[PDB]
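Below you'll find only one chain, the form deposited in one PDB entry, shown as structure tokens.
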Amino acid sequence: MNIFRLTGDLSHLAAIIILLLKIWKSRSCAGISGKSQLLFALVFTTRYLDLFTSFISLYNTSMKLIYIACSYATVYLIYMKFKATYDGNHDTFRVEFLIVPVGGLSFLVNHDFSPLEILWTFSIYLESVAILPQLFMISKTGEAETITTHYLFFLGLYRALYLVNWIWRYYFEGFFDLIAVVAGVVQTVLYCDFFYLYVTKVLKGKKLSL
């Protein structure tokens, strides 16, 4: 473990808690893409199947269980408990254009042709584009609430910290995974317009307009 990955994991947990607590306390999921929450829960489900085959650490196990529970709970609050405030009419991204090709790519381009590795690869490719329905919803509706932008900031910063972590691991440990890296740069570049707008507008008391 290095500080870049630790801050990255804590930034990811921060985003997940900000969203869950925002929906819970306000009793509303207005402005939130239910489709992106489905994709993030599907990322954790396919990535962490190794909970049954590998033990890295108590931290690694606990973080995995917390991410699965918080992702599934967010989906439960949007689609079941506070479904009266779910804006289905503005969450119109067709997720089939993400799942079917990323599924195809994970089967063809992977480190090993075995079910656990193919499923892990699917989680990596899917995560790179999982936020697309949420950004697409914000551009359609025109605005994003401040708490929603804080959620997007900490979520976007998490995989950016992972890129720094991979430079660190490559230099100090000689470890390199091109699939995680390439997907991680794709994941971060999809936040470029949001980052620019968050720093120049949101951090200056202005409207985030995608």
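By rigid core we mean the largest C-alpha set that fits within 1.5 Å across both forms. Residue indices: 1-based, along the sequence shown.
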Per the entry, higher mean C-alpha B factor between 174-182 and 32-40: 174-182
Given 184-192 and 198-206, the range whose Cα B-factors average higher in the PDB entry: 198-206
CA B-factor ranking of residue 154, expressed as a third of its chain: lowest
Cα B factor band for residue 45 (lowest, middle or highest third within the chain): lowest
B-factor third for the C-alpha atom of residue 13 within its chain: lowest
Assigned third (lowest, middle, highest) for the C-alpha B factor of residue 74: lowest
Assigned third (lowest, middle, highest) for the C-alpha B factor of residue 133: lowest
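Here the subject shifts to the form deposited in another entry, a form of this protein not shown in this document.
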Exceeds or equals 2 Å, Cα of residue 197 between the shown form and the other one, core fit: yes
Core-aligned C-alpha movement of residue 47 between the shown form and the other one, 2 Å or more: no
Rigid core superposed: residue 146 CA moves 2 Å or more between the shown form and the other one: yes
Closer or farther in the other form, the Cα atoms of residue 96 and residue 149, when the shift from this form is 3 Å or more: farther
Comparison of CA distance in the other form with shown form for residue 148, residue 95, at least 3 Å: farther
